[PDB]
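Count residues from 1 along the sequence. Side-chain atoms are counted along with the backbone in the values below, which use heavy atoms only and exclude waters and symmetry mates.
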Amino acid sequence: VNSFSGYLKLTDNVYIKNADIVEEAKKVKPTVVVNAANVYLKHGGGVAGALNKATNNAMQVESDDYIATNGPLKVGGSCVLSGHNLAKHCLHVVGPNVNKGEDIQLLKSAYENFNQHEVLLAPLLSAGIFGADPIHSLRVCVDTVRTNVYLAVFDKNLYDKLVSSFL
Ligand SMILES: C[C@@]1(C(=O)O)CCN(C(=O)Cc2c[nH]c3nccc(Cl)c23)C1
């Protein structure tokens with residue numbers, strides 16, 4: 001038993017809710033919140049900009065030190081950093097950005113990072129400003145992630161469509 005509430009169950013291990021991931025994180029304090037990161041951990045907009053804003057820019061400060069030490073992530077890769085006031089940990093995961101021409105097949109590799117964590121609160125990778133089809137992203141999530149994932153979908157209209165079209 002865990003503290004996530006109001007989710008619809010899609011599969012044995014995947015759940016989905018119309019929710020702002022920032023507010024969901026603030027209420028649940030999950031062990032892991034996933035950020036829709038880029039390779040530079042520049043949290044300017046989309047989910048990353050919102051999460052970072054909610055940490056009063058502490059996520060960005062920590063991220064800049066991470067990059068200065070380690071260099072950029074790989075597309076499809078991830079790193080574990082602090083969750084600040086939102087979660088114990090933040091798993092920064094880089095899905096491919098279609099608006100940069102990145103290979104959508106890397107989306108499966110991106111979701112594989114979730115399997116290193118037993119339970120996660122997450123957005124749909126490569127959705128929103130990353131330019132992928134959220135329905136495809138949901139399919140890859142379901143077919144790749146084996147751990148328990150709670151997907152927060154900010155837009156009520158997209159949420160309804162994702163549910164209604166789910167196979
Ligand atoms: C539309 C979403 C939802 O409704 O759940 C799915 C994808 N998403 C993002 O925020 C993805 C994202 C990461 N960096 C960004 N920078 C600027 C704008 C966006 Cl969209 C993003 C929210």
Side-chain angles (χ1 to χ4, degrees), residues 13-17 19-22 24-25 30-155 158-159 162:
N13 66 297
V14 179
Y15 295 79
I16 195 165
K17 183 187 184 175
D20 181 343
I21 194 171
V22 173
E24 192 76 10
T31 304
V32 180
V33 67
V34 173
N35 181 32
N38 57 56
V39 296
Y40 306 110
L41 303 178
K42 284 171 60 92
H43 310 303
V47 169
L51 289 171
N52 176 59
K53 178 177 178 190
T55 75
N56 182 44
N57 211 50
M59 178 180 284
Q60 191 64 68
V61 169
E62 180 195 29
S63 292
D64 288 349
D65 170 85
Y66 173 91
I67 296 287
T69 298
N70 300 109
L73 295 183
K74 301 170 178 179
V75 179
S78 69
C79 68
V80 179
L81 292 172
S82 179
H84 299 278
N85 53 316
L86 304 177
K88 187 173 197 299
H89 301 109
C90 180
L91 181 70
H92 295 273
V93 180
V94 184
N97 190 323
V98 175
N99 305 315
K100 303 172 175 179
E102 294 168 350
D103 166 21
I104 194 63
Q105 300 295 137
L106 289 170
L107 186 53
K108 187 172 183 76
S109 303
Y111 275 116
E112 288 170 341
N113 296 287
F114 289 24
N115 289 322
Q116 300 294 317
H117 304 276
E118 285 189 4
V119 182
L120 316 85
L121 170 62
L124 284 170
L125 298 180
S126 295
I129 67 174
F130 280 62
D133 174 10
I135 298 179
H136 174 65
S137 181
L138 180 54
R139 185 75 260 164
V140 179
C141 180
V142 158
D143 293 340
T144 305
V145 181
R146 298 176 301 282
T147 54
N148 294 142
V149 57
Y150 289 82
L151 294 168
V153 177
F154 180 57
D155 189 64
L158 174 59
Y159 171 83
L162 284 169

Inset, instruction - Might you confirm whether atom OH of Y159 has over 12 heavy atoms from other residues, nucleotides or ligands at distances under 6.0 Å? - result: yes
Legend entry - Inter-residue atom distance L106.CG - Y111.OH, 0.5 Å rounding: 13.5 Å
Legend entry - Exercise: identify the closest heavy-atom pair between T147 and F114: OG1-O, 3.0 Å
Legend entry - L41, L73, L125 screened by side chain to side chain contact (heavy atoms under 4.5 Å, CB included) with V94, the one that passes: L73
Inset, instruction - Find the distance between CG (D103) and OG (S109) and round it off to the nearest 0.5 Å. - result: 8.5 Å
Legend entry - Heavy-atom side-chain proximity of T31 to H89 below 4.5 angstrom: yes
Legend entry - CA sep, side-chain torsions, deciding dist, call: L91, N35, side chain to side chain contact (heavy atoms under 4.5 Å, CB included): CA-CA 6 Å; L91 181 70; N35 181 32; over 6 Å; no
Inset, instruction - Check whether any side-chain heavy atom of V34 lies under 4.5 Å from a side-chain heavy atom of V149, and answer yes or no. - result: no
Inset, instruction - Indicate yes or no: at least one non-hydrogen side-chain atom of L107 is less than 4.5 angstrom from one of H136. - result: yes
Legend entry - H84 to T55 - nearest heavy-atom pair and separation: CB-CG2, 3.7 Å
Legend entry - Distance (rounded to the nearest 0.5 Å) between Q60 CD and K53 NZ: 14.5 Å
Inset, instruction - Please examine the side chains of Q116 and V80, heavy atoms only from C-beta on, and report whether any two atoms are closer than 4.5 Å. - result: no
Legend entry - Any donor-acceptor pair under 3.5 Å from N115 side chain to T144 backbone: yes
Inset, instruction - Check for a donor-acceptor pair, side chain of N52 on one end and backbone N or O of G49 on the other, with a separation under 3.5 Å. - result: no
Inset, instruction - Indicate the atoms forming the closest heavy-atom contact of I129 with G45, along with that distance. - result: CD1-C, 3.9 Å
Inset, instruction - Please lay out, stage by stage, how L121 and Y15 fare under the test side chain to side chain contact (heavy atoms under 4.5 Å, CB included). - result: CA-CA 10 Å; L121 170 62; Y15 295 79; over 6 Å; no
Legend entry - Any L120 side-chain heavy atom under 4.5 Å of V33 side chain: no
Inset, instruction - Could you check if a side-chain atom of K100 sits within less than 4.5 angstrom of a side-chain atom of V75, using non-hydrogen atoms only? - result: no
Inset, instruction - Over all heavy atoms of both residues, which pair between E62 and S82 is shortest? Give the atoms and the distance, please. - result: OE2-N, 2.8 Å
Inset, instruction - Report the C-alpha separation of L162 and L151 in whole Å, then their side-chain angles, then the decisive distance to 0.1 Å, and conclude whether the side chain to side chain contact (heavy atoms under 4.5 Å, CB included) test is met. - result: CA-CA 11 Å; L162 284 169; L151 294 168; over 6 Å; no
Legend entry - Test item: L51 and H43 side chains (from C-beta on) under 4.5 Å apart, heavy atoms: no
Legend entry - From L124 atom CG to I16 atom CD1, the distance as rounded to the nearest 0.5 Å: 5.5 Å
Legend entry - Atom NZ of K42: over 12 foreign heavy atoms under 6.0 Å: no
Legend entry - Where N97 and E102 come nearest, the two heavy atoms and their spacing: N-OE1, 2.9 Å
Legend entry - Shortest non-hydrogen contact between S78 and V93, atoms and distance: CB-CG2, 4.0 Å
